[PDB]
Amino acid sequence: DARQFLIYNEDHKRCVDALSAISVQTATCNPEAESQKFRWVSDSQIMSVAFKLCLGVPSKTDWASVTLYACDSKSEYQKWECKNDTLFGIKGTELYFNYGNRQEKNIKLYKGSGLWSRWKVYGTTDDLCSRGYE
């Protein structure tokens, strides 16, 4: 299911890894690991294949942790969009899907737009929306 894919960060050479509803970190990329598989389930939501829960945040705030929530098409806290140059973040805000700062293991929302806020579909040079419907 192209439709499933791994979320990859070129600089760290690591992929997003869902550990639990309250924990989404990163790991060495393994396309056979269910916990690393994700898929768009709408124009703005990405669901973890392993947990059948959608990536989201408690609030649109800097350093908010990105974990998993029951998919809800009405919640703006789990809507994502592709910015420029593979920059990825919360829809309608300047907060990005980020990893690498402060030895923090969990994916975080960050105001910075450097190499750690940019993500591609593993195995390609395309942004995450290339596997979406939008």
# chains A, B, ... in the order shown; residues from 1 in each chain; ligands from 1
$ residues_around --residues "region 12-24 of chain A" --least-positions-apart "4" --cutoff "7 Å" --atoms "only C-alpha atoms" --output "ChimeraX atom specification"
/A:6-8,28-29,35-36,66-69,106-107
$ residues_around --residues "residue 104 (chain A)" --least-positions-apart "4" --cutoff "10 Å" --atoms "only C-alpha atoms" --output "list in words"
residues 25, 65, 99, 100 and 108 of chain A
$ residues_around --residues "residue 110 (chain A)" --least-positions-apart "5" --cutoff "12 Å" --atoms "only C-alpha atoms" --output "PyMOL selection string"
chain A and resi 57+60-66+87-90+93-102+104+115-118
$ closest_atom_pairs --of "region 74-97 of chain A" --to "region 120-134 of chain A" --cutoff "9 Å" --atoms "only C-alpha atoms" --output "tab-separated table"
residue	atom	partner	partner_atom	distance
A:81	CA	A:129	CA	7.6
A:82	CA	A:129	CA	6.3
A:83	CA	A:127	CA	9.0
A:84	CA	A:127	CA	9.0
A:85	CA	A:127	CA	7.7
A:86	CA	A:127	CA	4.7
A:87	CA	A:127	CA	7.8
A:88	CA	A:128	CA	7.8
$ select_by_dssp --residues "chain A" --states "helix (DSSP H, G or I)" --output "ChimeraX atom specification"
/A:34-36,76-78,101-103,115-117,128-131
$ write_last_selection --atoms "N, CA, C and O atoms" --output "short mmCIF file (atom, residue, chain, number, x, y, z; two decimals), in the first residue's frame"
data_model
loop_
_atom_site.label_atom_id
_atom_site.label_comp_id
_atom_site.auth_asym_id
_atom_site.auth_seq_id
_atom_site.Cartn_x
_atom_site.Cartn_y
_atom_site.Cartn_z
N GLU A 34 7.20 -3.04 11.31
CA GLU A 34 5.85 -2.47 11.32
C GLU A 34 5.80 -1.13 12.05
O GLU A 34 5.08 -0.22 11.63
N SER A 35 6.55 -1.01 13.14
CA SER A 35 6.56 0.21 13.94
C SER A 35 7.08 1.43 13.18
O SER A 35 6.83 2.56 13.58
N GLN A 36 7.79 1.21 12.08
CA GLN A 36 8.33 2.31 11.28
C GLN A 36 7.46 2.65 10.08
O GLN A 36 7.76 3.59 9.34
N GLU A 76 -7.45 19.69 14.57
CA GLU A 76 -6.39 20.41 13.88
C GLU A 76 -5.02 20.07 14.47
O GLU A 76 -3.99 20.47 13.93
N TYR A 77 -5.01 19.31 15.56
CA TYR A 77 -3.77 18.95 16.22
C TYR A 77 -3.11 17.71 15.62
O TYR A 77 -2.08 17.25 16.11
N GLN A 78 -3.70 17.18 14.55
CA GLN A 78 -3.13 16.02 13.88
C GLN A 78 -3.15 16.21 12.37
O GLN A 78 -3.14 15.25 11.61
N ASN A 101 17.50 17.77 18.47
CA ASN A 101 17.88 18.76 19.47
C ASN A 101 17.80 18.24 20.92
O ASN A 101 16.96 17.41 21.25
N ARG A 102 18.71 18.74 21.76
CA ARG A 102 18.76 18.39 23.19
C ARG A 102 18.74 16.92 23.59
O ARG A 102 18.21 16.58 24.65
N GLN A 103 19.31 16.04 22.77
CA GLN A 103 19.31 14.62 23.11
C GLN A 103 17.90 14.11 23.41
O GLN A 103 17.71 13.13 24.14
N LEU A 115 18.04 21.28 8.68
CA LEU A 115 18.05 19.90 8.21
C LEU A 115 17.33 18.89 9.09
O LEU A 115 16.99 17.80 8.64
N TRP A 116 17.10 19.24 10.35
CA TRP A 116 16.43 18.32 11.25
C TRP A 116 14.91 18.43 11.21
O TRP A 116 14.20 17.66 11.86
N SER A 117 14.41 19.39 10.43
CA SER A 117 12.96 19.58 10.28
C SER A 117 12.52 19.15 8.89
O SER A 117 11.36 19.35 8.50
N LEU A 128 7.18 13.98 2.12
CA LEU A 128 6.18 13.03 2.59
C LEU A 128 4.85 13.06 1.84
O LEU A 128 4.17 12.04 1.75
N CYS A 129 4.49 14.21 1.28
CA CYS A 129 3.23 14.34 0.58
C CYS A 129 3.18 13.60 -0.76
O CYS A 129 2.12 13.48 -1.37
N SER A 130 4.33 13.09 -1.20
CA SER A 130 4.41 12.35 -2.45
C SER A 130 3.72 11.00 -2.30
O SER A 130 3.45 10.31 -3.29
N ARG A 131 3.46 10.62 -1.05
CA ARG A 131 2.79 9.36 -0.75
C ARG A 131 1.37 9.64 -0.28
O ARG A 131 0.65 8.72 0.13
#
$ closest_residue --among "A:113, A:2, A:39, A:105" --to "residue 27 (chain A)" --atoms "only C-alpha atoms"
A:105
$ atom_distance --atom1 "CA of residue 51 (chain A)" --atom2 "CA of residue 92 (chain A)"
26.1 Å
$ closest_residue --among "A:42, A:30, A:59, A:73" --to "residue 5 (chain A)" --atoms "only C-alpha atoms"
A:30
$ select_by_dssp --residues "region 60-128 of chain A" --states "strand (DSSP E)" --output "VMD selection string"
chain A and resid 67 to 69 80 to 82 88 to 90 96 to 98 108 to 110 120 to 121
$ atom_distance --atom1 "CA of residue 74 (chain A)" --atom2 "CA of residue 33 (chain A)"
29.7 Å
$ atom_distance --atom1 "CA of residue 54 (chain A)" --atom2 "CA of residue 80 (chain A)"
10.7 Å
